[PDB]
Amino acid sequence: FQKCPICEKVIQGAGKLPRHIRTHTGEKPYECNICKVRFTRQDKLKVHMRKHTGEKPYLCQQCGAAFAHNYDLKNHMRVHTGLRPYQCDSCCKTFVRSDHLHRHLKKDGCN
């Protein structure tokens, strides 16, 4: 949509350019009034408030288990299916999180 005036990086998000250039300041305008811990963006503050309020919006269809994070629900699925989701296309190894697969590719030669 538009280009960053500082880092000259293009953002495809509509209206997300102000969000990007606000990170260069380093400010944390959003503050948790309970724990006095400040975050970078409003949505990050909102998910942090789930810790204090105890809300568990993510539900398992069959288990009924409630989790505060989407990935926690995804990990719970692995106790039902027993399937490790991420797979390396060359070394034929499996991983339980996406960054673990990325770490394997960068750090090791896979083979």
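Sequential numbering from 1, following the sequence displayed. Here the rigid core means the biggest group of C-alpha atoms that line up within 1.5 Å when the two forms are laid on top of each other.
Novice: Give, as the answer, the stretch of 44 to 52 and 69 to 77 that departs more from the shown form in 5 other deposited structures of this protein; the measure is RMS Cα distance after a core fit.
Specialist: With the rigid core superposed, the C-alphas that lie farther in 5 other deposited structures of this protein are those of 69 to 77.
Novice: Which has the higher mean CA temperature factor in the PDB entry, 77 to 85 or 28 to 36?
Specialist: Going by the record's values, the stretch with the higher mean is 28 to 36.
Novice: Which third, lowest, middle or highest, does the C-alpha temperature factor of residue 94 belong to within its own chain?
Specialist: Bottom third by C-alpha B-factor.
Novice: Would the CA B-factor of residue 17 place it in the lowest, middle or highest third of its chain?
Specialist: Within its chain, residue 17 is a middle-third residue by C-alpha B-factor, going by the deposited values.
Novice: Among all modelled residues of this chain, ranked by Cα B factor, put residue 70 in the bottom, middle or top third, i.e. lowest, middle or highest.
Specialist: Ranked within chain, residue 70 CA B lands in the lowest tercile.
Novice: When the deposited Cα B-factors of this chain's modelled residues are ordered and cut into thirds, is residue 53 in the lowest, the middle or the highest one?
Specialist: Lowest third, going by the recorded CA B-factors of the chain.
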